[PDB]
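Next up: a single chain in structure tokens, the form deposited without the partner chain.
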């Protein structure tokens, strides 16, 4: 009986980081408690000052990643402060029943609720807001994130050998539908409510205006690049709650990848590019072998470079000429 299990509290951290956690654990099932507080806020999403009347869990896109182990119970207190203007709820693709929890968590501004479910299936799973009658708007406006449910004995390759990472990063990719006025410029709305009708018109075209990692063009670049070093193994968690994407790490690979994001299935290896179906989260492991600034992107290259679905990984360490060597630098064609 779950009420009699030990309860532990986890403090969530902002993306792209993930809160500390164990992979293989000797611990038995717990009720792991989390709190998230909804925040509606206008956000600048590109270098030209275009804004999004956004909606978020915990003030970020994506929402923070919640990690537990298979057999644990997730107990979330969802808070919708009075400072907000719209109702919300939460649907966990990792949960069973009641439309993922959305039926049991309808919180209007000024309310909160607490939900518990058993995390009985391992994998990366999307959670997102889903108010009846306007699910897409709330999702495309920013309300999604990942629940990672690791197996108790950690991650395994297809032969049962253990796989281990030194660091997890979480990337949420958001297809945005920002309206334009008659002058062809993006509209800037004084209120969330005012953005609704025009935004739904754009959504229905199925053509996003921007596709961003972690909330804006350039979110994971420059000072905010992800970081690693040669010999380090990273897990890259990638969520897309509404639309397909095809992650790729330029100059690297997916050493082991769960593109459908479910760890009881054997991963695939050596992938150049993988595929995250809209409404899911997948995960890739990679162990760096070369230093340099890598790009991690959606390999529809228009969506990456023109619409924003690209970030970087700055990697420290020593260059390996056996893996790759510039035999002759760019020079005049022999005459």
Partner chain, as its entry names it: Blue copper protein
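Numbering follows the first chain given and starts at 1.
Only in words, not in the display: the form solved in complex with the partner chain, which the text now covers.
Non-hydrogen atom contact residue 181 with the partner chain in the bound PDB entry at 4.5 angstroms: Contact check for residue 181: no, nothing within 4.5 Å of the partner chain in the bound PDB entry.
The partner chain contact in the bound PDB entry: residue 225, any heavy atom under 4.5 Å: Outside the cut-off, so no.
Proximity of residue 230 to the partner chain in the bound PDB entry, heavy atoms at 4.5 Å: Contact with the partner chain, yes.
In the bound PDB entry, residues of 305-324 near the partner chain [heavy atom within 4.5 Å]: Heavy-atom contacts to the partner chain in the bound PDB entry: 318, 319, 320, 321, 322.
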